[PDB]
Amino acid sequence: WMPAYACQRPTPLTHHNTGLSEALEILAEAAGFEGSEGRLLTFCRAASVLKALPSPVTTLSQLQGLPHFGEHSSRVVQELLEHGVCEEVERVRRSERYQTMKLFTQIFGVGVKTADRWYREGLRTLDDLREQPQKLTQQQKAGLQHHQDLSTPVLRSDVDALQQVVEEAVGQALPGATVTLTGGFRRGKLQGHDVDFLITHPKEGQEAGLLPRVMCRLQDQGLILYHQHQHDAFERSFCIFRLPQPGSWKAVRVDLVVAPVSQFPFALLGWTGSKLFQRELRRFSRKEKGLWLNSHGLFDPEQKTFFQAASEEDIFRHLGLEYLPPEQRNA
Ligand SMILES: Nc1nc2c(ncn2[C@@H]2O[C@H](COP(=O)(O)OP(=O)(O)OP(=O)(O)O)[C@@H](O)[C@H]2O)c(=O)[nH]1
Ligand SMILES: [Mn+2]
Ligand SMILES: [Mn+2]
């Protein structure tokens, strides 16, 4: 037996059902590309159940009353087990719409709405986009310029080098300020699409104006290819770093987020993910406890109060959930 919400169960980094979950996640992604948000969430939830299982699913018998495994997801798994392939899934991977939406949405600064608009307008390839520069934002132009490097998985070794230069710049701009690795890498992932960092200072308000200072230092070292500085939402910089390598260099996406220390635990929880884990945690908070959780705080809408947290553990405890360390949040 297994609980209904992903935030009530451990989901480790590696598991026994990668083929099956990958197939369901293709269907989820495709649904998202078509604006079918309900179906996206349903397939995502089913995939996450398989990630939480202790053993491989070898026979259809092994589906067992456990939640979020409706008729459609079950059929997909059945066809994979019986035939080694699911025709609905293969049709999706071969479809020009899916391939193009994946191509476009993977580019830095491009979401589903933009990608779909471009598709509707007859655009199909990266060259097609480069032929219409007036259709691109500066962020998207930078994403295109660096698309090969940004499609290359970011490695732990890259993260460690980036954390060093970010820590050096933060430390030099403001003694006392801290850098925390978040995102998938905090969850134990060996690879990723970007590197996420959360910056704060133990004295509330000393983080004001820190990020532009950190950026100036990084820029003067030749480490920045692109940055977009966004001033109650957190101050942040969406960056492409130029990471030096032996004999070469690689562009790497980095998100730098600044949070005041009072909000830090909520920010760390939100930015650590996984995306599904956080969605589930928020749905759980609202549906089961009547509280609204986000990356800034935990609000009781009836009492009009905010919960004071010193740590992620405090937040889990307040919501009546057993603590899950980040490596068990890989929903
Ligand atoms: N509050 C908030 N959270 C965000 C935002 N963008 C991303 N996140 C969250 O930050 C976490 C990390 O996001 P990603 O970097 O896309 O995903 P990841 O788990 O790090 O996966 P890889 O980067 O591919 O390793 C996830 O929980 C996201 O939901 C944002 O603008 N605001
Ligand atoms: Mn990330
Ligand atoms: Mn990110």
Side-chain angles (χ1 to χ4, degrees), residues 12-14 18 22 25 102-103 105-110 126 138-171 173 177-200 210-230 234-259 267-274 277-278 325-331:
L13 175 55
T14 61
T18 61
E22 282 169 28
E25 287 178 337
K102 192 141 186 78
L103 180 68
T105 59
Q106 188 283 148
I107 300 299
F108 183 58
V110 181
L126 298 180
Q138 289 302 127
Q139 179 179 27
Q140 290 160 359
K141 289 178 177 177
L144 280 176
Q145 285 165 14
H146 297 292
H147 83 92
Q148 275 192 38
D149 278 349
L150 305 186
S151 290
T152 298
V154 181
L155 308 173
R156 183 72 219 204
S157 67
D158 304 329
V159 171
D160 293 345
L162 290 164
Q163 184 155 3
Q164 288 166 214
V165 302
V166 173
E167 280 175 344
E168 191 279 343
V170 168
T178 60
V179 173
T180 303
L181 181 61
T182 71
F185 290 106
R186 188 175 173 239
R187 301 193 307 270
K189 295 184 80 182
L190 305 183
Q191 296 181 353
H193 95 301
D194 72 357
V195 189
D196 305 296
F197 290 113
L198 184 62
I199 298 165
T200 196
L210 174 53
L211 187 56
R213 295 186 180 269
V214 170
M215 303 294 320
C216 188
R217 291 175 174 267
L218 295 167
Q219 290 186 87
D220 194 53
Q221 298 179 265
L223 291 167
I224 301 298
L225 287 165
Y226 175 84
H227 64 103
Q228 185 182 265
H229 185 229
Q230 166 173 301
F234 291 124
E235 185 182 3
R236 68 184 286 190
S237 182
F238 309 83
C239 304
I240 303 172
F241 279 54
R242 190 188 185 279
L243 176 67
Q245 288 176 315
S248 196
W249 55 275
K250 184 162 62 180
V252 179
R253 286 174 54 162
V254 180
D255 290 327
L256 302 183
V257 181
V258 179
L268 180 57
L269 184 58
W271 283 84
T272 297
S274 69
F277 187 93
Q278 290 304 313
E327 68 272 19
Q328 303 297 331
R329 303 186 203 157
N330 287 291

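Reckoned from all heavy atoms, side chains included, excluding hydrogens, waters and symmetry mates. In this chain, residues are counted from 1 in sequence order.
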Practice task
In sequence, state the C-alpha distance, the side-chain angles, and the governing distance for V159 and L181, and then conclude on side-chain contact (heavy atoms from CB on, under 4.5 Å).
Solution key: CA-CA 9 Å; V159 171; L181 181 61; 3.7 Å; yes
Exercise for the section: Begin with the C-alpha distance, continue with both residues' side-chain angles, and end with the deciding distance and a verdict on side-chain contact (heavy atoms from CB on, under 4.5 Å) for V166 and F241. Expected result: CA-CA 11 Å; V166 173; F241 279 54; 4.0 Å; yes
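Judged by distance alone, with hydrogens and angles left aside, the side-chain atoms of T182 form no donor-acceptor pair with the main-chain N or O of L268 at under 3.5 Å. For the pair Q139 (side chain) and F108 (backbone), a donor-acceptor distance under 3.5 Å is absent.
Atom CD of residue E167 and atom CZ of residue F197 lie 7.5 Å apart, to the nearest 0.5 angstrom. With values rounded to the nearest 0.5 angstrom, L150 atom CG is found 10.0 Å from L144 atom CG. Separating the CD1 atom in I199 from the OG1 atom in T178 is a distance of 8.5 Å, to the nearest 0.5 Å. Remark: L190 CG to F185 CZ distance equals 8.0 Å, nearest 0.5 Å. With values rounded to the nearest 0.5 angstrom, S151 atom OG is found 6.0 Å from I107 atom CD1. Note that the CG atom of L218 and the CD1 atom of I224 stand 5.0 Å from one another [nearest 0.5 Å].
Of the residues listed (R236, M215, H229), the one engaging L256 in a side-chain contact (heavy atoms from CB on, under 4.5 Å) is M215, and it is the only one. The side-chain hydrogen bond (donor to acceptor under 3.5 Å, both in side chains) test with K250 is passed by exactly one of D149, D158, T152: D158.
Side-chain contact between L103 and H147 is absent, with no heavy atoms from C-beta onward closer than 4.5 Å. You'll find the side chain of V257 stays beyond 4.5 Å of the side chain of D196, heavy atoms only. Side-chain atoms of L243 and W249, non-hydrogen and from C-beta on, never get closer than 4.5 Å to each other. Using a 4.5 Å cut-off on side-chain heavy atoms (C-beta onward), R329 and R186 make contact. Residues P244 and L223 meet the side-chain proximity criterion, which asks for heavy atoms closer than 4.5 Å. Side-chain atoms of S157 and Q245, non-hydrogen and from C-beta on, never get closer than 4.5 Å to each other. Side chains of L13 and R187 form no contact here, defined as non-hydrogen atoms less than 4.5 Å apart. Contact check for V254 versus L162: side-chain heavy atoms found under the 4.5 Å cut-off.
Shortest non-hydrogen contact noted between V170 and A177 is CG1-CB, 3.4 Å. The two atoms that bring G143 and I240 nearest to each other are N-CD1, 4.5 Å, heavy atoms only. When every heavy atom of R242 is checked against every heavy atom of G222, the shortest pair comes out as CD-O, 3.7 Å. Of all heavy-atom pairs between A259 and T200, the closest is O-OG1, 2.7 Å. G109 approaches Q140 most closely through the heavy-atom pair O-NE2, 2.9 Å. What you find for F234 and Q230 is that their closest heavy atoms are O-NE2, 3.9 Å.
Partners of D255 under the side chain to side chain donor-acceptor pair (under 3.5 Å) rule, at least two apart in sequence or in another chain, do not exist in this structure. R253 is linked by a side chain to side chain donor-acceptor pair (under 3.5 Å) to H193, counting only residues two or more places apart in sequence or in another chain.
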